[PDB]
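> Experimental structure and sequence below, a few questions after.
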Amino acid sequence: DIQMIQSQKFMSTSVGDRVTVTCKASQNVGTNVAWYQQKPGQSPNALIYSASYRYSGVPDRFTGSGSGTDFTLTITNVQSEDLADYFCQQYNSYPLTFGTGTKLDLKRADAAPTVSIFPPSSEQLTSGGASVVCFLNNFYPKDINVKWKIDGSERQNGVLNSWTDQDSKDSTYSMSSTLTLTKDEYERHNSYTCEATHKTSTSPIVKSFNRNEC
Amino acid sequence: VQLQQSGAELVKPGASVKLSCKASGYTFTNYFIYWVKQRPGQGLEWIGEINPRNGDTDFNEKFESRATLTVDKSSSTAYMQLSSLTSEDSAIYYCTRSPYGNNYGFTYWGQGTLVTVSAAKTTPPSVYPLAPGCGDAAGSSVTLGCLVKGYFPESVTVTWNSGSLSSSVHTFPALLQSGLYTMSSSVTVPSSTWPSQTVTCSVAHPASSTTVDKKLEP
Amino acid sequence: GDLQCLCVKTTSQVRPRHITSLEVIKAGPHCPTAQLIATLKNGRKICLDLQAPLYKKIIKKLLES
Amino acid sequence: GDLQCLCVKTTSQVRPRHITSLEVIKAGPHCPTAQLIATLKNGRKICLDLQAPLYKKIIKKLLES
């Protein structure tokens, strides 16, 4: 066990930037280094070996550097496809050691969260509960706050949200506002509105539905 | 596929879990096999290697006891049991390969198998349709979702119409709700023609083996 | 993706003045990595290491008789 | 105990015209199968079968010079 110190773990750059994944060795390995590419929610693909020699079918953009205890991974031109994760390796002493990882984000056209209102499921009246969701997608940055409006008031009984890892074609996150309310309190109230305060618009964008008719 | 893998599942602390791995070609007997688990929070850790010809290994000293490798020349097969779990064994396992036998990085990997430690109450997946209707619905691209909550164990995948518009796909992570999980998904689709075409979200949960696909209309 | 690599493991013992050819097969559609096969005096094919200045030094011992 | 076989797939279908050189390697210690590689006229290598009597078909066509 040696460990490979990765100084940067969370980075972000534009379309066509030179990036340097910092990876320094605790003890000497001697050129026996490897860089990988972990696709979001996919197996790490073989990138390059010995901080110089590239594998079969690897684009010219990738370039390794340094030897011994100091190594560096550089990249010339980046595309929407090149957005992923990159890891560090050493192979000279068993047990063989990895690292931590260094993610990246591509900078492009900034978006406003296109929110849609969704009435609770028709099966929710045959199970015991409520499911009010406002799906928001394509926005920047990942930092947003969820607010609600019911009959003028608000509830925060069980609003559980989750952010997606940005798509490899638009580079924008998506959040879902899941509710876990009861049946009785739900039926009593009428108007249902979900508020989303963000930098994209001064006033929180909402979408409301009436209990009447629907 | 050359390096397939087993199904994803969870088990109780202090137990045993047996994995599987197959290969294709002579690129088995000569090449050294490796096993690694992905946290994925902290990072990657090495378990050990194993010669296919002989049987000689060389595990990691920190995770030696929580390891057991038996390679069978049956059909290029490689198994791994786990000697007593804890709670940190919550990591997705891989069955990797290397091009120069036991050195020069890690070429082939594989799909993987997700393993967690908790042993809570098992629950089949709950699927609920989420469509507009009655409101406005008018626009250029009306997006829709399908809620898949209240399930156990993990491993879940939902696909809309087998892939009608794969551009800007959405996959909302699981949330631990009441000893179970809460998952959701959506996709983008033009409002050019909606009241005509049929759309069904195909829900998979191989951990408990259940499939529910519901029709969507306003 | 039929044909595959022609090497397995590196060799420790290296005899600078006992070799003839050095087939340096670069990465291709077949083998995902480069190759350094040498032919011995007796005709025995072996693989070598890339990283280390093996060849950097071996060349001389081949070129200077 | 290094040096892996070059072939993984047998194959039989091929053009008897578009080819350059062919060789057969004996079942050595490093490679147990009967190797039969042939260098393509375009710059690639392909393998063949033992009991498939189509290897002879091409040999003859090359001596016609």
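Looks like it arrived, so ask away. Numbers count the residues shown, from 1 in each chain, chains lettered A, B, ... in the order given.
> which residues touch residue 32?
No chain specified, so I'll use chain A. A:50, A:90-92, B:103, C:51 (Cβ atoms under 8 Å, 6 or more residues apart in numbering or on different chains). Where you see a C-beta, it was placed from the backbone N, CA and C, and this is true even at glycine.
> wrong one, chain C
Neighbouring residues of residue C:32 by Cβ under 8 Å, 6+ apart: A:46, A:55-56, B:99, B:107, C:5.
> from memory residue B:182 sits against residue A:161, does it?
No. Between residue B:182 and residue A:161 there is no contact under Cβ atoms under 8 Å: 10.2 Å.
> Show me the common contact partners of these two, please.
Listed as contacting both residue B:182 and residue A:161 by Cβ under 8 Å, 6+ apart are residue A:178.
> ok, the two, which is more surrounded?
Just comparing residue B:182 and residue A:161: by other Cβ atoms under 10 Å in any protein chain shown the higher neighbour count belongs to residue B:182, 23 against 17.
> Just after the one helix or strand the more buried one maps to, pick out the following helix or strand.
Using DSSP states H and E, the element containing residue B:182 is strand B:180-187. Next along the chain after strand B:180-187, taking DSSP H and E as the criterion, comes strand B:199-205.
> Within its sheet, name the partner strands of that following strand and how each one runs.
Using DSSP bridges, strand B:199-205 pairs in its sheet with strand B:157-160 (antiparallel), strand B:210-216 (antiparallel).
> Dump these to a markdown table, plus mean neighbour count.
Formatted as a markdown table, those follow (neighbours: other Cβ atoms under 10 Å in any protein chain shown):
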| stretch | mean neighbour count |
| --- | --- |
| strand B:157-160 | 19 |
| strand B:210-216 | 15 |
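> Turn the ones you listed into TSV, including distance to residue A:100.
What follows is the strands paired with strand B:199-205, written out as TSV (distance: least, Cβ to Cβ, whole Å):
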stretch	distance to residue A:100
strand B:157-160	28
strand B:210-216	37
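> Next one: residue A:28 relative to residue A:67, how far apart?
According to Cβ to Cβ, to the nearest Å, residue A:28 stands 10 Å off from residue A:67.
> which of these two has more neighbours?
Shown here are residue A:28 and residue A:67; by other Cβ under 10 Å, residue A:67 has more neighbours (16 against 13).
> Not counting its neighbours along the chain, what's nearest the more buried one?
Distances taken as Cβ to Cβ, 6 or more residues apart in numbering or on different chains put residue A:31 closest to residue A:67, at 5.0 Å, once the chain neighbours are dropped.
> Could you report the neighbour count for residue 56?
All of this refers to chain A. Neighbours of residue A:56 under the rule other Cβ under 10 Å: 16.
> oops, I was thinking of chain C
Residue C:56, neighbours per other Cβ under 10 Å, totals 8.
> do you know how far it is from residue C:13?
Residue C:56 is 18 Å from residue C:13, by Cβ to Cβ.
> With residue B:12 instead?
With the distance defined as Cβ to Cβ, residue B:12 ends up 52 Å from residue C:13.
> now swap in residue B:11 and tell me
Going from residue B:11 to residue C:13 by Cβ to Cβ gives 48 Å.
> the more surrounded of those two?
Applying other Cβ under 10 Å to residue B:11 and residue C:13 shows that residue B:11 carries more neighbours, namely 17 against 5.
> Report the contact partners of the more buried one.
By Cβ under 8 Å, 6+ apart, the residues touching residue B:11 are B:17, B:85, B:115, B:117, B:119.
> Mind listing the residues bridging to the fourth one?
Beta-bridge partners for residue B:117, by DSSP bridges, are residue B:11.
> isn't it right next to residue B:82, touching?
No. Residue B:117 is beyond contact range of residue B:82, at 10.0 Å (criterion: Cβ under 8 Å).
> Now do the shared contacts for these two.
Here residue B:117 and residue B:82 share the contacting residues residue B:89, scored by Cβ under 8 Å, 6+ apart.
> Next, find the distance separating the nearest residue to residue A:74 once chain neighbours are set aside from chain D.
Of all residues not flanking residue A:74 in the chain, residue A:63 sits nearest, at 4.8 Å (Cβ to Cβ, 6+ apart). The gap separating residue A:63 from chain D is 27 Å, by Cβ to the nearest Cβ, to the nearest Å.
> Residue A:63 and chain C, how far apart?
From residue A:63 to chain C the distance is 15 Å (Cβ to the nearest Cβ).
> Can you report how many residues lie near that residue?
Other residues lying near residue A:63 total 16 when counted by other Cβ under 10 Å.
> For chain B, which segments are assigned as strands?
B:9-11, B:33-38, B:44-50, B:68-72, B:77-81, B:91-96, B:113-117, B:126-130, B:144-151, B:157-160, B:172-177, B:180-187, B:199-205, B:210-216 (DSSP state E).
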